[PDB]
Every structure is written in C-alpha cells, then in structure tokens.
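Student: Can you look at this? It's an experimental structure, sequence on top.
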Amino acid sequence: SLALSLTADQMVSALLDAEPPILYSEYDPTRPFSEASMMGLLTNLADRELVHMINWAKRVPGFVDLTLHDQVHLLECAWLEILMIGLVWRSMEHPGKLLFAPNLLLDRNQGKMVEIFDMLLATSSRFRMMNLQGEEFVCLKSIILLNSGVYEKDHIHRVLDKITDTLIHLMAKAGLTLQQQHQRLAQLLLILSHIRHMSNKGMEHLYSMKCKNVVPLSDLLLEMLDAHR
Amino acid sequence: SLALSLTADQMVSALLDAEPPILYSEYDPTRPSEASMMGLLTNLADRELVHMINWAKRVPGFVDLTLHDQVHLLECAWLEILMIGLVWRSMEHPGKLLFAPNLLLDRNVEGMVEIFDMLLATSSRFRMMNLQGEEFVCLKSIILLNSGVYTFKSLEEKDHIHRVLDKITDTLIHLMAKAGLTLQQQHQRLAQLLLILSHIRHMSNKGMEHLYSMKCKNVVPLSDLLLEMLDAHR
Amino acid sequence: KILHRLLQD
Amino acid sequence: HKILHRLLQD
Ligand SMILES: Oc1ccc(C(=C2CC[C@H]3CCCC[C@@H]3C2)c2ccc(O)cc2)cc1
Ligand SMILES: Oc1ccc(C(=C2CC[C@H]3CCCC[C@@H]3C2)c2ccc(O)cc2)cc1
C-alpha cells in the first residue's frame, strides 16, 4: 500500500487533485416551491454527483487496496455523508443558504425536511466560524469514506491514522500551537458525528419519498438507498 | 463558572466520582423470547435514565446551561450515552453484551442483530485500544455536550459548551501524555476515540427507529419517561 | 415533561 | 447484481 509511504504533503496533493467537480443543476430560473420539483432537481444532481464520487473514491489513498466488496460497502455507507459535507462546504460563503449548485441556491423557506435543512446550515456556519481550509476539507471527507463502514481492518485504521497525521501537519504549517492543534483536531472530528446524524435522518427521509413514488429515482440511487435497509 | 478553571486532573476526578452505578436486570434463567427481552431492556434503560440525569448534573459546565438546553442535550444523546456505557461494560466479554451483571447476552428479530453486531464491534474496538476509564468518562461527557450542540435571540453559549468541549479534549491529551504516548500517538488515539463517537451516533439513530416501530406495535410497552425521550426524535 | 421535571428537582 | 460493482471497475 503506497498510501502509508506517502508524505503529509503527498497525501494533501493526492486528495486535492482527486476532488470531484462542482456540478450544475438543470437550469431554468424557476424557483422550486413544489415538493416534486424540489426533490426532482436534487435527485438529478445527487445522481450525477454519485458518478464523480465513485471515481473520486478510487483516487483516495488506500481505498484501491481494499477488496471490491469492501469498496462497495464503504461507499454504500457514506455516500450521503460525503454529499452533505460537500454541500456544507460549498455553502460556507453563503450564510443561511445552501449551495447545492452554483445555479441552485436554496434557503430555509424552501422546506417542503426543514429540520435537516437547518442542521446543514448550522454545520455550514460552524465550518465558516472555524475557517475550514480546503486541505482540511478533503481530509475530513476521506475520513468519512473510510470510517463510516469500517465494521484487513487494520489497513483502514492505518490510513485513518495517516490522515490524522496529515491534519495535524496542516495545522502546524498554519502556525497553530501544540494545544490549538489537538483542539481543532477534536472540533473537526466531532462535526463528523453530526454529519452522520444528518445522513441517517436524510436516509429515512429518502425512503419515504421512495415509498410514495414522488420523483422517479435512478436505479443507482435506488441501490444506494436500498443498501441502508 | 466552576468549569474551564478546572485542571485536567480535577476534570478526571470529577467525572469519575460522578459515575452512575451498574444496575441489575429482572432476568430469570428459568423463565423463557425477543419480546420479553426488550421488556427487560426497556425496564433496565428506564431505570438507567434516572441515574443519567443526575449524572449529567455533575458534568462540569452542564448546570451552567439553561434548563431548556439541558433537556435538549439529554433528549438527543440519551441512547448514545446508554450505548457507550453498554459497550464499555461489555469490553471484557468478547462476543457478548453486558447489559447487566445478571444479563449477559450473545448474538443468538433481524435488524436488531445488526445493531447488536455493531455494538460488539465497538466493544471489540475499545478492547484492542485498551480504553481507560478516565478516557471513557471523557468520551461519555463529550457525547452529552456535543450530540445536541447543534439543532438548538443571541442566546448562546452554545459557546460555553464549545469551551468545555475544548477542556475535555485537553484532558484527554493530558491522560495520553501521562500514559507515555508520544506526541504523534496522542493525536492518533484522540482521533481514534472521536471517530468511534460517529459509530455510536449511527447505532443510536438506528436504535431509535427500531424503538419507534416497537412503540407503534405495542407488545413491549415503554415507560412514561422513555416515551417522551423517544418522541424527541420524531 | 418528566425530563424537565427531574432536571429541575 | 449491483451497479456499484460495475462502476468501481470502470
Ligand atoms: O435523491 C437525493 C439524494 C440526496 C439528496 C440530497 C439531500 C438529501 C435530502 C435533503 C434533506 C433536506 C435538504 C437537503 C438534503 C440533501 C443532496 C444532498 C447534497 C447534495 O449535494 C445533493 C443532494 C437529495 C435527493
Ligand atoms: O444500557 C443500555 C440499556 C438498553 C439499551 C437499549 C438498546 C441496546 C441494545 C439494542 C439491541 C437491539 C435493538 C435495540 C436495543 C437498544 C435499549 C433497549 C430497549 C429500550 O427500550 C431502550 C434502550 C442500551 C444500553
């Protein structure tokens, strides 16, 4: 596994270069106030993002070393967390708003869940107040990928330790003191517990709309959704 | 505030002597099912909640919060605190979950078995890391303060909770440093401990929806307090 | 609520 | 029979 032999900077550059693009939603400036048009716009976006996520996961150090079934399981567990932490990241510069796409900016009044919506905004505000850097973001997202479905197993724990070293290395380069390092390290990882929470509540929210035939979901998105049952 | 001005050793000792007792179940080896089991666990959890509430009051900085805040933090993390306690108790019983000193169960209704295995994996995870009691009482306190710091005018401290969470983090590092762990090992172990909290969150969320379906089907009844805790996640 | 009661007592 | 199986090989 070349991931363990990588340096902290080599780890960063690998994760940064593996970054999936910021996709656009279907245009037409009609502000979605319906439940069908809303989810139809988000389902189409998420489905296209899933394709980039899969190829992004392959370029994550240590992920390719796993078996195919392990790669499947890990992606099945964390695909919504990864989508959400990406959404939250994009929504940083827009307080009280969620930037699903550059041409799709939604606020709390578009709730038609609002509870999960507010949790996403709170997470976005938290990242903004902590001044989350891009190098820190790609490390957290990688952790989510490897940690969420970690239940051979040592390898994932070794890479997770490697990302931890990478996170600390970034903070030390930012001039952070010894105490500010492990503190910020703790603050970043505790948010991952909330991302997990929003994901679980999101899943059952997606099971209900699937159990209502509201919007035609894709087969891929259905299989990802079916895995959490 | 009594907190924040507390040293790391003062923090540890305060969390240790605030520990709730390990209660017994109503299990009878002679008596026969999955229904009676959940009834035994429901009765156990209900009695554990009373001790958890008084335990939370002795958590540094918790009583500094408003009453409506304290309610929210417990409503969101009561199952998480219960689970990490269960996992901690079952640490020395491989393949078994120690719900009570008289109730030690193994994997032998689907969906509940998946949660059972996730609880075992976490228990196995604590065992391979050689988790200390001083580390556990810190982790459990973090769960109490962190799990509901979001989902809460100008308000706020939320900001005090973040201040206390930093203190507990400093405390965790102080413990690892006293354990002879190198500066690198301290950061890795810290990350390892907090990543487990994401799993505890997950198991809690799946536990709630299982508890919600059990409610909307009668059979095993829930106590009045346990019912109001459950409605908080709906 | 009961939780609100016990926390207050 | 999963689509995720195919996409992880492409
Ligand atoms: O089929 C879907 C799969 C995922 C999404 C998605 C969600 C899930 C549900 C809603 C809940 C409240 C508001 C935002 C989230 C995002 C989401 C999240 C982040 C993205 O970047 C894109 C889609 C929506 C539909
Ligand atoms: O010390 C503890 C006591 C009880 C619980 C608790 C659990 C844990 C075990 C899992 C196993 C199957 C599915 C749900 C239960 C929930 C539980 C069970 C039944 C209830 O009515 C409430 C909580 C967790 C920790």
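Tutor: That came through fine. Numbers count the residues shown, from 1 in each chain, chains lettered A, B, ... in the order given. Ligands and ions are numbered 1, 2, ... in the order given.
Student: Name the residues of stretch A:30-41 that are buried.
Tutor: In terms of neighbour count (16 or more other Cβ atoms under 10 Å in any protein chain shown), stretch A:30-41 has its buried residues at A:32, A:38-41. Quick note: C-beta positions are derived from backbone N, CA and C, even for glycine.
Student: Tell me the residues of chain A that contact ligand 1?
Tutor: Those residues of chain A that sit near ligand 1, judged by Cβ under 6 Å from any ligand atom, are A:39, A:42-43, A:45-46, A:49, A:83-84, A:86-87, A:100, A:113, A:116-117, A:120, A:202, A:205-206, A:221.
Student: Need the buried ones from those residues selected in PyMOL.
Tutor: Per 16+ other Cβ under 10 Å, the buried members of those correspond to this PyMOL selection:
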select buried, chain A and resi 39+42+43+45+46+49+83+84+86+87+100+116+117+120+202+206+221
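Student: Among the residues of chain A next to ligand 1, name the ones in helices.
Tutor: Per DSSP state H, helices hold the following members of the residues of chain A next to ligand 1: A:39, A:42-43, A:45-46, A:49, A:83-84, A:86-87, A:116-117, A:120, A:202, A:205-206, A:221.
Student: Now do the contacts for the residue of chain A at minimum distance from chain C.
Tutor: Residue nearest to chain C within chain A (Cβ to the nearest Cβ): residue A:115, separated by 19.3 Å. Counting by Cβ atoms under 8 Å, 6 or more residues apart in numbering or on different chains, residue A:115 makes contact with A:201, B:151.
Student: any idea how far it lies from residue A:121?
Tutor: Look at residue A:115 and residue A:121: by Cβ to Cβ, to the nearest Å, they are 11 Å apart.
Student: Also residue A:180?
Tutor: Residue A:180 is 26 Å from residue A:121, by Cβ to Cβ.
Student: Which one's more surrounded, those two?
Tutor: residue A:121 (20 against 14; other Cβ atoms under 10 Å in any protein chain shown).
Student: what about residue A:67, distance to residue A:18?
Tutor: Applying Cβ to Cβ to residue A:67 and residue A:18 gives a distance of 20 Å.
Student: neighbour-wise, which of those two wins?
Tutor: Ranked by neighbour count (other Cβ under 10 Å), residue A:67 and residue A:18 place residue A:18 first, with 18 against 9.
Student: Give me the number of neighbouring residues for the closest residue to the more buried one other than its chain neighbours.
Tutor: Sequence neighbours aside, residue A:59 is the residue nearest to residue A:18 in space, at 3.7 Å (criterion: Cβ to Cβ, 6 or more residues apart in numbering or on different chains). For residue A:59, the neighbour count with other Cβ under 10 Å is 14.
Student: Surely residue A:59 and residue A:17 touch.
Tutor: Yes - using Cβ atoms under 8 Å, residue A:59 is in contact with residue A:17, at 7.5 Å.
Student: so who does the residue nearest the centre of chain A touch?
Tutor: Chain A has residue A:82 as the residue nearest its centroid, 1.9 Å off, counting by Cα atoms, centre = their mean. Residue A:82 makes contacts with A:53, A:141, A:144-145, as judged by Cβ under 8 Å, 6+ apart.
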